[PDB]
$ cat final.pdb   # PDB, N, CA, C and O atoms and all ligand atoms
ATOM      1  N   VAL A  49      -4.034   5.885  14.821  1.00  0.00           N
ATOM      2  CA  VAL A  49      -3.747   4.419  14.861  1.00  0.00           C
ATOM      3  C   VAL A  49      -4.305   3.728  13.607  1.00  0.00           C
ATOM      4  O   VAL A  49      -5.071   2.792  13.716  1.00  0.00           O
ATOM      5  N   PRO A  50      -3.886   4.188  12.452  1.00  0.00           N
ATOM      6  CA  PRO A  50      -4.314   3.604  11.171  1.00  0.00           C
ATOM      7  C   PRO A  50      -3.508   2.328  10.878  1.00  0.00           C
ATOM      8  O   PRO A  50      -2.400   2.170  11.354  1.00  0.00           O
ATOM      9  N   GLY A  51      -4.058   1.402  10.129  1.00  0.00           N
ATOM     10  CA  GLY A  51      -3.313   0.132   9.858  1.00  0.00           C
ATOM     11  C   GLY A  51      -3.238  -0.170   8.361  1.00  0.00           C
ATOM     12  O   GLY A  51      -2.914   0.686   7.561  1.00  0.00           O
ATOM     13  N   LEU A  52      -3.485  -1.414   7.998  1.00  0.00           N
ATOM     14  CA  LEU A  52      -3.388  -1.839   6.581  1.00  0.00           C
ATOM     15  C   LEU A  52      -3.741  -0.710   5.655  1.00  0.00           C
ATOM     16  O   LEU A  52      -4.881  -0.456   5.319  1.00  0.00           O
ATOM     17  N   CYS A  53      -2.718  -0.065   5.257  1.00  0.00           N
ATOM     18  CA  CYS A  53      -2.795   1.076   4.304  1.00  0.00           C
ATOM     19  C   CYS A  53      -4.089   1.012   3.472  1.00  0.00           C
ATOM     20  O   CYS A  53      -4.411  -0.017   2.915  1.00  0.00           O
ATOM     21  N   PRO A  54      -4.792   2.124   3.416  1.00  0.00           N
ATOM     22  CA  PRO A  54      -6.057   2.232   2.663  1.00  0.00           C
ATOM     23  C   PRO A  54      -5.778   2.395   1.165  1.00  0.00           C
ATOM     24  O   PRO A  54      -6.663   2.680   0.383  1.00  0.00           O
ATOM     25  N   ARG A  55      -4.554   2.206   0.763  1.00  0.00           N
ATOM     26  CA  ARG A  55      -4.202   2.337  -0.674  1.00  0.00           C
ATOM     27  C   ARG A  55      -3.656   0.997  -1.163  1.00  0.00           C
ATOM     28  O   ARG A  55      -3.998   0.532  -2.232  1.00  0.00           O
ATOM     29  N   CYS A  56      -2.822   0.357  -0.384  1.00  0.00           N
ATOM     30  CA  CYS A  56      -2.289  -0.960  -0.816  1.00  0.00           C
ATOM     31  C   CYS A  56      -2.875  -2.057   0.082  1.00  0.00           C
ATOM     32  O   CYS A  56      -4.003  -1.972   0.516  1.00  0.00           O
ATOM     33  N   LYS A  57      -2.107  -3.070   0.363  1.00  0.00           N
ATOM     34  CA  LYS A  57      -2.568  -4.190   1.216  1.00  0.00           C
ATOM     35  C   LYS A  57      -1.345  -4.945   1.736  1.00  0.00           C
ATOM     36  O   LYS A  57      -1.443  -6.080   2.156  1.00  0.00           O
ATOM     37  N   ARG A  58      -0.191  -4.337   1.706  1.00  0.00           N
ATOM     38  CA  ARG A  58       1.019  -5.048   2.193  1.00  0.00           C
ATOM     39  C   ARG A  58       1.727  -4.173   3.211  1.00  0.00           C
ATOM     40  O   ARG A  58       2.913  -4.304   3.446  1.00  0.00           O
ATOM     41  N   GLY A  59       1.010  -3.276   3.824  1.00  0.00           N
ATOM     42  CA  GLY A  59       1.651  -2.394   4.831  1.00  0.00           C
ATOM     43  C   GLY A  59       0.573  -1.858   5.755  1.00  0.00           C
ATOM     44  O   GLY A  59      -0.594  -1.946   5.457  1.00  0.00           O
ATOM     45  N   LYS A  60       0.952  -1.301   6.864  1.00  0.00           N
ATOM     46  CA  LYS A  60      -0.062  -0.749   7.801  1.00  0.00           C
ATOM     47  C   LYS A  60       0.204   0.744   7.952  1.00  0.00           C
ATOM     48  O   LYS A  60       0.392   1.250   9.041  1.00  0.00           O
ATOM     49  N   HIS A  61       0.249   1.448   6.855  1.00  0.00           N
ATOM     50  CA  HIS A  61       0.536   2.906   6.918  1.00  0.00           C
ATOM     51  C   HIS A  61      -0.482   3.699   6.128  1.00  0.00           C
ATOM     52  O   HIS A  61      -1.493   3.204   5.696  1.00  0.00           O
ATOM     53  N   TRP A  62      -0.233   4.969   6.010  1.00  0.00           N
ATOM     54  CA  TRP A  62      -1.185   5.867   5.330  1.00  0.00           C
ATOM     55  C   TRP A  62      -0.711   6.170   3.903  1.00  0.00           C
ATOM     56  O   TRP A  62       0.441   5.988   3.564  1.00  0.00           O
ATOM     57  N   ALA A  63      -1.608   6.614   3.063  1.00  0.00           N
ATOM     58  CA  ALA A  63      -1.249   6.915   1.645  1.00  0.00           C
ATOM     59  C   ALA A  63       0.039   7.741   1.573  1.00  0.00           C
ATOM     60  O   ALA A  63       1.059   7.264   1.116  1.00  0.00           O
ATOM     61  N   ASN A  64      -0.006   8.976   2.002  1.00  0.00           N
ATOM     62  CA  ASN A  64       1.213   9.841   1.945  1.00  0.00           C
ATOM     63  C   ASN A  64       2.453   9.014   2.281  1.00  0.00           C
ATOM     64  O   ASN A  64       3.485   9.137   1.652  1.00  0.00           O
ATOM     65  N   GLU A  65       2.356   8.162   3.262  1.00  0.00           N
ATOM     66  CA  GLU A  65       3.521   7.315   3.633  1.00  0.00           C
ATOM     67  C   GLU A  65       3.257   5.880   3.176  1.00  0.00           C
ATOM     68  O   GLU A  65       3.166   4.971   3.976  1.00  0.00           O
ATOM     69  N   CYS A  66       3.122   5.669   1.893  1.00  0.00           N
ATOM     70  CA  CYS A  66       2.850   4.292   1.392  1.00  0.00           C
ATOM     71  C   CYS A  66       3.749   3.976   0.195  1.00  0.00           C
ATOM     72  O   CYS A  66       3.970   4.797  -0.674  1.00  0.00           O
ATOM     73  N   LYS A  67       4.233   2.770   0.134  1.00  0.00           N
ATOM     74  CA  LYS A  67       5.085   2.347  -1.009  1.00  0.00           C
ATOM     75  C   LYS A  67       5.033   0.838  -1.084  1.00  0.00           C
ATOM     76  O   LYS A  67       5.743   0.120  -0.410  1.00  0.00           O
ATOM     77  N   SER A  68       4.142   0.382  -1.891  1.00  0.00           N
ATOM     78  CA  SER A  68       3.908  -1.060  -2.065  1.00  0.00           C
ATOM     79  C   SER A  68       4.900  -1.652  -3.068  1.00  0.00           C
ATOM     80  O   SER A  68       4.989  -1.221  -4.200  1.00  0.00           O
ATOM     81  N   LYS A  69       5.643  -2.643  -2.656  1.00  0.00           N
ATOM     82  CA  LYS A  69       6.626  -3.276  -3.578  1.00  0.00           C
ATOM     83  C   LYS A  69       5.923  -4.367  -4.382  1.00  0.00           C
ATOM     84  O   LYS A  69       6.067  -5.543  -4.111  1.00  0.00           O
ATOM     85  N   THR A  70       5.156  -3.988  -5.365  1.00  0.00           N
ATOM     86  CA  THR A  70       4.435  -5.000  -6.183  1.00  0.00           C
ATOM     87  C   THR A  70       4.736  -4.763  -7.667  1.00  0.00           C
ATOM     88  O   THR A  70       4.955  -5.690  -8.421  1.00  0.00           O
ATOM     89  N   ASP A  71       4.749  -3.528  -8.094  1.00  0.00           N
ATOM     90  CA  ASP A  71       5.035  -3.237  -9.528  1.00  0.00           C
ATOM     91  C   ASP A  71       5.753  -1.891  -9.650  1.00  0.00           C
ATOM     92  O   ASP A  71       6.394  -1.432  -8.725  1.00  0.00           O
ATOM     93  N   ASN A  72       5.658  -1.255 -10.788  1.00  0.00           N
ATOM     94  CA  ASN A  72       6.344   0.056 -10.970  1.00  0.00           C
ATOM     95  C   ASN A  72       5.309   1.159 -11.214  1.00  0.00           C
ATOM     96  O   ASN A  72       5.441   1.955 -12.121  1.00  0.00           O
ATOM     97  N   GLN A  73       4.284   1.218 -10.407  1.00  0.00           N
ATOM     98  CA  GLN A  73       3.251   2.271 -10.586  1.00  0.00           C
ATOM     99  C   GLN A  73       2.944   2.911  -9.228  1.00  0.00           C
ATOM    100  O   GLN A  73       3.629   3.811  -8.784  1.00  0.00           O
ATOM    101  N   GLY A  74       1.925   2.441  -8.560  1.00  0.00           N
ATOM    102  CA  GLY A  74       1.570   2.999  -7.226  1.00  0.00           C
ATOM    103  C   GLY A  74       1.138   1.842  -6.327  1.00  0.00           C
ATOM    104  O   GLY A  74       1.825   1.476  -5.395  1.00  0.00           O
ATOM    105  N   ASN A  75       0.014   1.248  -6.621  1.00  0.00           N
ATOM    106  CA  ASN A  75      -0.456   0.099  -5.813  1.00  0.00           C
ATOM    107  C   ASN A  75      -0.972  -0.990  -6.758  1.00  0.00           C
ATOM    108  O   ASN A  75      -2.151  -1.098  -7.010  1.00  0.00           O
ATOM    109  N   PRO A  76      -0.058  -1.771  -7.245  1.00  0.00           N
ATOM    110  CA  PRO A  76      -0.334  -2.863  -8.180  1.00  0.00           C
ATOM    111  C   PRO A  76      -0.608  -4.111  -7.361  1.00  0.00           C
ATOM    112  O   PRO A  76      -0.485  -5.226  -7.828  1.00  0.00           O
ATOM    113  N   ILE A  77      -0.961  -3.912  -6.123  1.00  0.00           N
ATOM    114  CA  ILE A  77      -1.221  -5.062  -5.227  1.00  0.00           C
ATOM    115  C   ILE A  77      -2.196  -6.020  -5.929  1.00  0.00           C
ATOM    116  O   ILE A  77      -3.254  -5.603  -6.359  1.00  0.00           O
ATOM    117  N   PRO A  78      -1.812  -7.270  -6.044  1.00  0.00           N
ATOM    118  CA  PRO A  78      -2.641  -8.292  -6.713  1.00  0.00           C
ATOM    119  C   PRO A  78      -3.899  -8.705  -5.909  1.00  0.00           C
ATOM    120  O   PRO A  78      -4.904  -9.024  -6.513  1.00  0.00           O
ATOM    121  N   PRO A  79      -3.844  -8.694  -4.592  1.00  0.00           N
ATOM    122  CA  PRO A  79      -5.012  -9.070  -3.773  1.00  0.00           C
ATOM    123  C   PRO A  79      -6.026  -7.923  -3.738  1.00  0.00           C
ATOM    124  O   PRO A  79      -7.214  -8.135  -3.589  1.00  0.00           O
ATOM    125  N   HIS A  80      -5.565  -6.709  -3.872  1.00  0.00           N
ATOM    126  CA  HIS A  80      -6.500  -5.548  -3.845  1.00  0.00           C
ATOM    127  C   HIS A  80      -5.788  -4.303  -4.376  1.00  0.00           C
ATOM    128  O   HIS A  80      -5.817  -4.096  -5.578  1.00  0.00           O
TER
HETATM  129 ZN    ZN B 101       0.361   1.209   1.495  1.00  0.00          ZN
END
$ encode --input "final.pdb" --output "structure tokens"
Amino acid sequence: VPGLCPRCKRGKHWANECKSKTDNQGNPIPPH
């Protein structure tokens, strides 16, 4: 029962299953 992805901050999933729509890299999340 993992939530707010421990890699980004715009999803509630896990790294392997993570894809943050912020930039063209991996986790360009501006808040974190
Ligand atoms: Zn994520």
$ residues_near_ligand --input "final.pdb" --ligand "ligand ZN 101 (chain B)" --cutoff "4.5 Å" --atoms "all atoms listed in the file" --output "list in words"
residues 53, 56, 66 and 67 of chain A
$ atom_distance --input "final.pdb" --atom1 "atom CA of residue A:78" --atom2 "atom CA of residue A:59"
13.7 Å
$ resolve_selection --input "final.pdb" --expression "the PyMOL selection byres (((chain A and resi 80) around 7) and not hetatm)" --output "list in words"
residues 55, 56, 57, 75, 76, 77, 78 and 79 of chain A
$ atom_distance --input "final.pdb" --atom1 "atom O of residue A:65" --atom2 "atom O of residue A:51"
8.3 Å
$ axis_aligned_box --input "final.pdb" --around "stretch 63-77 of chain A" --padding-each-side "8 Å" --output "AutoDock Vina command-line options"
--center_x 1.7 --center_y 1.9 --center_z -4.1 --size_x 25.9 --size_y 31.9 --size_z 32.1
$ atom_distance --input "final.pdb" --atom1 "atom O of residue A:69" --atom2 "atom CA of residue A:49"
23.6 Å
